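Read through the structure below, which is laid out as C-alpha cells, and then see the notes.
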Number of protein chains: 2
Amino acid sequence: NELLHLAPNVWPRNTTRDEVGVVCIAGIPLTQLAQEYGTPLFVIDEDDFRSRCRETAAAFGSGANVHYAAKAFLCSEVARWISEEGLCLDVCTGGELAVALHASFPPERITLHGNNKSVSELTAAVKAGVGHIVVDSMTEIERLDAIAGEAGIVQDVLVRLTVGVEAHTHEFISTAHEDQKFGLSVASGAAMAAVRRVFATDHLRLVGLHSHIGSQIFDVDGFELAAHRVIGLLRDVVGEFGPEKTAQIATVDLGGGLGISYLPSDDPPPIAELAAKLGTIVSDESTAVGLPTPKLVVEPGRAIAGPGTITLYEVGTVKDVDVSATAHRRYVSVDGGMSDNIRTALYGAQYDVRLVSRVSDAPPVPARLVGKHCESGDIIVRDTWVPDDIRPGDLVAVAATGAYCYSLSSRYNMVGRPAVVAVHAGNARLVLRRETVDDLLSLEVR
Amino acid sequence: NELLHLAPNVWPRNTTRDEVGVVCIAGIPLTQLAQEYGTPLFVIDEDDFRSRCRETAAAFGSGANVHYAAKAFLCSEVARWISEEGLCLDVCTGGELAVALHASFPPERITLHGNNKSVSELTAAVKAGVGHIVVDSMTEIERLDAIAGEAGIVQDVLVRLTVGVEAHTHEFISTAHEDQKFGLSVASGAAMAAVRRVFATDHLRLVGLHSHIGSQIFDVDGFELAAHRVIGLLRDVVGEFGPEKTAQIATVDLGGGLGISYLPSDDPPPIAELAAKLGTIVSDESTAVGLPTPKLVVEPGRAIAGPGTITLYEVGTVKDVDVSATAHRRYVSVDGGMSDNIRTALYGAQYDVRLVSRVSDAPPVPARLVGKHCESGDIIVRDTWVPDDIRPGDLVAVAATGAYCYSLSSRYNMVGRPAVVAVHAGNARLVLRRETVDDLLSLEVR
C-alpha cells in the first residue's frame, strides 16, 4: 500500500508501474532488464540525466555556467551527453582528462581540479589546450607557469579559496580556520599571496575565484556567506592592483554540492529558485563593494548524475534476526554490496529501497538491506521496511545511485563491477559491461 | 632523530636502513623500487609473509588449523605462497574461489564463507571438490543439500554461530542479541534448528562449528566467552543426538581477528602465547561439559598479510594550514589516496608514516597525509608528524598496508590501481601490474 509508493522527488523522472505491478524505467520493465543484463545492474534514465543538464543550464543562464563534476560518474558515453547538452566538464586527475579526451570532449570546455596535480598532468592539460586550471597551491602555480611558458601559451587559471564555510542540507558551520587540504586561506593572506604570484607572471592569466563548500546543500545561506567572503577577496585584489590588471577576473565559481532527494522527506529547492537567489547574492555582494557583477559558475555532480539512476538487485537470502526479546529485523541479502555502493558504510548515507518485480500485499516489516561481502558492515540500506513476504528471487532497487557509487566501486572479495545500462524511450543499451574473472585476473604477471 | 625510527613490531621483518639513509626492504632500497616501478607502490616483504604463515602454523599445531582469509589480499601469487606454506584458504564469493582454482589451490584445503552464497557458487564449490562450506542460513542448507545430492557426494559443513561477543584490542562486548547479518543464534534456538536440519539429510556432514568475533583482537577473554558459548551448543547437540551422529563434529573454528601493530604503541601478544591460551580454553571448556577436546581452527587475514607490506608514495605538494590563531598543520599530498587505502576514511584506521628516501635533521611538525582525490575526506593518515623540511620528491611509506587496502582499491577519479611488487633476498619482481588508461576504458561498449 505505502511500501508501493515511488516518491517522485526520489525516483528517476521516467519511472512508472506496470499493470502487472512491475516498475519500469523509460517504458522498460525492471524484470526484463535483469533478465537481459543480469544483476546487480546500474540502470540510467538518460532523459532524466539530460533533463537535469537542461534545467540547470537554463537556471544558471547558460550551459557554459554549469560544469559537470566528472567525479560523480564518468565514462565516454556520459562525456558525450554533457558535450551535447552544452555544459562544461570538471576533471580531477590525469585519468579523468584522458577519458574526456578519448571521448573527444572539447578541451576549451574542460577545467582541471586537484590538490596535488603532478607535472605530467599539468603538462597533458596544456598540451590538450584545457580551458581552465583551478590552482590549489603556490607550488602548482610555479609548475604551471613554467609549463605554459614552455608551450608558448598563456594559461587561464582560477585560484581555489578556503573561506571557512561548510554547508550540508539546511545548516552550515563557519570556522575561523578550515582544517583541510584544499585551497588558500583568504583570512590568513595566503590567497592574496597566490593572486600576486599569478599576476607576477607572464604565462598565466587569473580569470576567476573558486570556492567549494559542501554537499547535499538545500539552502542558499552557506553560499551567501561563502560568496561574501570570496568577493571580499576580489575587493582586496582590485584595490591593490587596480581595475585594469583585474578586469579579467570575471568569474566567481561557487563549486558544487547542489542537493538531491535520497529519501522522500529530502527537500532540495527547485534549481531555478536556488539559482536566482544565488544570482541576486552575487550581484548584491559585488555592488556592496563597488564591483561589477561577476559571472556565476556552479559545479554539480550529484544533481546531474544522481537521481536518474537506480541499482537493481536480486534477493538471495532472507533471514529473521532477533534484536530484543520481542523484536526482529529482517535481513535481506542481495546480489552486491559495498563493492557497488560503499556510501552507506563510508559516509553513513541513507537510501530508499523498494520491491520492484511484484506488488506485495504483505504488511511492512523493519529490515536491513545487506550485501554478500564477508564483512558485517557490508550494509547497503541500514534502516528500511520490506514486505513481510519478501523472498529470494524478488527484485529490489535502490534509488539515486547515479552519483559516486560506481565511481567508488571496488573488486572487494573478487566481486566484479556491475553492468551499467542506459534506457531511452523504451530502448535499453549496454553502456559499461560487467567485469569477468578474466578482468579480475588481468593485472597478474607471468 | 625519533622520527627516523621504524618500530620493528610495525615494519616488515626485513626492513633495514642504508648508510645513505634509505630504508631497504629485503635488501633493496625503496628509492630504487620507486625508480624501477613508479609510485604509489605496494611493496611485499615475501619472507615476512611466509614467516607469519610458518609461525602461526606452528603455534596452532599445524598449517591445517590455520586458514588464511583471502579477503585480506588475494592474487594467484599469494594463493601459491599459502599452498606452499601448508595452510588452508578461506574464500568468500565465486570470484575468490575462481582465483584460487585458477592458481591451482588444492580444493580440499579451501573453505567457502558467506552470508549470501548463490546456487551457482554452491554448485561450483561442490563441482570443484571444495573441502568445507560454512553454512550461514537455513536457505543455504536446503540449497546445498540438493546440490550435494545431485553431485552424488557428501558435503562437509560447519554452522556459523552468533554468540553475542564482539572483541576489539583489549576489550569485548557481550550482547543479548547480536544484530547483524551472519550466522544463527545459539541463544534463540536458531543454531540448533540448523544442526537438526543438516542431521536430517544424507548429503551433508556436520564436521564443526564456527564463530567470528571481531578484529585487532589483542586479548583472549572475548574468545573465551565465545568458546564457552559455542561449546555449550556442542553439548546441547551431542546431548540431543547422542555421541554417535555427533562424533564427527570434531572442530571448533573461532574465526579471525588476530591483531597486528599498526602503530608502535600497539601490543598484540606473540602468536605462540595467544594460541596456547586458546588451546587451554578449548580443552577446559569441553572437559567442563564432559566432551573430548575439539580441534581448534583459526582464520587470520591481517596477521598474515598486513605487516609484510608497505605502500610507497611520492610527496607532490606540501601546504601549511592554519588551524587556530597559533597552530598549523602540515598537509603533505601524496601520490594516491582513498583509492589504494580507504581504511582511514572507512574505519578510522590509524597508520604509521615515515620519510624513507633520506634522513632529515629537521624538527618534527604535526601533519596530515592526504591523497590527490577531489574530496576533503581523502585522508591517508589523519594525525602524524613529519620533518619540517619535507618536500616534493621525497618518498614516504605507510606501514602495514598488506591487508584490506588493495582488496578494497577503487578507480575513484579514474586513478588506476598501483603496481604490487614482491621482494625476496635482494630481488624484486612485479606481481600485479599497475592499471593504465586502457584498463580504465576497457568496460566501455561504443
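As a convention, Cβ positions derive from the backbone with ideal geometry for all residues, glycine included, and neighbour counts pool all protein chains shown. Please treat every number below as a calculation from the coordinates, not as lab data.
Check the straight Cα-Cα distances from residue A:245 and name the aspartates and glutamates below 19 Å, setting aside those fewer than 8 residues away within the same chain. Candidates past the 8-residue exclusion: A:145, A:156, A:202, A:236.
By average Cβ neighbour count within 10 Å, what is the ranking of A:4-14, B:374-384 from highest down?
Values: A:4-14: 17.3, B:374-384: 20.3.
Descending mean neighbour count gives B:374-384, A:4-14.
Scalar couplings 3J(HN,Hα) for the stretch B:360-369, obtained by applying the Karplus form with A = 6.51, B = -1.76, C = 1.60 to θ = phi - 60°, are 9, 9, 6, x, x, 8, x, 8, 9, 9 Hz; x denotes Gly and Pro. For residue B:155, the amide hydrogen comes within under 5 Å of the amide hydrogens of B:204, B:205, counting only partners 5 or more places away or on other chains and with H modelled in the peptide plane.
Specify whether the C-alpha gyration tensor of the stretch B:46-306 places it in the rounded, prolate or oblate class, a ≥ b ≥ c being the square roots of the eigenvalues: rounded for a/c under 1.5, otherwise prolate if a/b is larger than b/c and oblate if not.
Numbers: a/c = 1.67, a/b = 1.10, b/c = 1.51.
Cα axes put the stretch B:46-306 in the oblate bin.
Within 10 Å of the Cβ of each residue in B:312-320, the mean number of Cβ atoms contributed by other protein chains is 5. For the stretch A:159-212 and the stretch B:390-414, what is the separation of their C-alpha centers, rounded to whole Å? The distance from the Cα centre of the stretch A:159-212 to that of the stretch B:390-414 comes to 27 Å.
Remark: mean inter-chain Cβ contacts per residue of A:90-99 equal 6, using a 10 Å Cβ-Cβ cutoff to other protein chain atoms.
Each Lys and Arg Cβ is given +1 and each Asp and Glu Cβ -1; about its Cα centre, the protein assembly as shown then shows a dipole of about 940 debye. Using a cutoff of 8 angstrom between alpha carbon atoms and counting only pairs six or more residues apart, the relative contact order for chain A works out to 19 percent. Inter-chain neighbour count for A:382-395: the average number of beta-carbon atoms from partner chains within 10 Å of each residue's beta-carbon is 0.
I need the inter-copy label distances for residue A:106: point set 7 Å along Cα to C-beta, values in nm with one decimal, smallest first. Inter-copy label distances (nm, one decimal, shortest first): 6.6. The packing ranking of peptides B:159-171, A:352-364, highest mean first, is B:159-171, A:352-364, where packing means the average number of other beta carbon atoms within 10 angstrom of each residue.
Between residue A:150 and residue A:250, residue separation times 0.36 nm minus the direct Cα-Cα distance comes to 33.4 nm. If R0 is taken as 22 Å, the Cβ-Cβ distance between residue B:142 and residue B:241 corresponds to a FRET efficiency of 0.65.
Could you please report the charge total around residue B:137, scoring K, R as +1 and D, E as -1 over all other residues with beta-carbon less than 13 angstrom from its beta-carbon?
Values: positive: A:319, A:330, A:372, B:117, B:143, B:160, B:181, B:197; negative: A:320, B:136, B:140, B:142, B:145.
So the surrounding residues net to +3.
Of the residues A:232, A:173, A:51, the one whose Cα sits farthest towards the positive end of the charge dipole of the stretch A:46-306 is A:232 (charges of +1 on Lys and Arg Cβ, -1 on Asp and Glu Cβ, taken about the Cα centre).
Distances between equivalent label points of residue A:264 across the copies, with each point positioned 7 Å along Cα→Cβ, amount to 5.7 nm, shortest listed first. Each part gets one Cα centre, and for the stretch A:113-133 versus the stretch B:41-119 those centres are 42 Å apart. Residue-wise HN-Hα couplings along the stretch A:427-438, as the Karplus relation 6.51 cos²θ - 1.76 cosθ + 1.60 with θ = phi - 60° gives them from phi, are 10, 10, 9, 5, 10, 10, 7, 6, 5, 10, 3, 4 Hz; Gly and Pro carry x. With pairing defined as another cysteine C-beta under 4.7 Å, the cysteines of chain A that fail it are A:24, A:53, A:75, A:88, A:405. Exposure proxy for B:119, B:237: other Cβ atoms within 10 Å of each Cβ, ordered fewest to most, give B:119, B:237. Taking 0.36 nm per residue of sequence separation and removing the Cα-Cα distance, the residue B:326/residue B:18 pair yields an extension gain of 107.1 nm. Comment: the Cα-to-Cβ extended label point of residue B:58, at 7 Å, lies 7.5 nm from its counterparts in the other copies, nearest first.
Give the relative contact order (percent, whole number) for the stretch A:46-306; include only Cα pairs under 8 Å separated by 6+ residues. It would help to have the intermediate numbers written out before the result.
Values: 506 pairs, mean separation 51.3, N = 261.
Computed over the stretch A:46-306, the figure is 20 percent.
Projecting label points 7 angstrom from Cα along Cα→Cβ for residue A:64 and residue A:293 puts them 1.6 nm apart.
Report the local net charge at residue A:391: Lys and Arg +1, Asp and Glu -1, summed over other residues whose C-beta lies under 12 Å from its C-beta. Local net charge: -2. Summing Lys and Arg as +1 and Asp and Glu as -1 over all other residues whose Cβ lies under 11 Å from the Cβ of residue B:224 gives a net charge of -2. Taking a ≥ b ≥ c as the square roots of the eigenvalues of the Cα gyration tensor, the stretch B:310-394 is classed as oblate, since a/c reaches at least 1.5 and a/b does not exceed b/c.
For residue A:185, the residues whose amide H sits under 5 Å from its own are A:162, A:190, A:191, ignoring neighbours fewer than 5 places away on the same chain, with H placed 1.01 Å from N.
For the pair residue B:55 and residue A:427, a Förster radius of 60 Å applied to the C-beta separation gives a FRET efficiency near 0.50, rounded to the nearest 0.05.
Extension gain, residue A:196 to residue A:362: 0.36 nm times the residue separation minus the Cα-Cα distance gives 53.0 nm. Taking a straight Cα-Cα cut-off under 16 Å and skipping sequence neighbours fewer than 8 places away in the same chain, the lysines within cross-link reach of residue A:319 are A:372, B:117, B:181. The distance between label points at residue B:391 and residue B:176 comes to 6.4 nm (points 7 Å beyond Cα on the Cα→Cβ vector).
Farthest towards the positive end of the charge dipole of the protein assembly as shown, among the residues A:269, B:326, B:200, is the Cα of B:200, using unit charges on the Cβ of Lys, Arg, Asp and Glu.
Amide H contacts under 5 Å for residue A:295: A:251, A:252, restricted to partners 5 or more places along the chain or on a different chain, H placed in the peptide plane at 1.01 Å from N. For the pair the stretch B:255-275 / the stretch A:317-334, the C-alpha centres are spaced 33 Å from each other.
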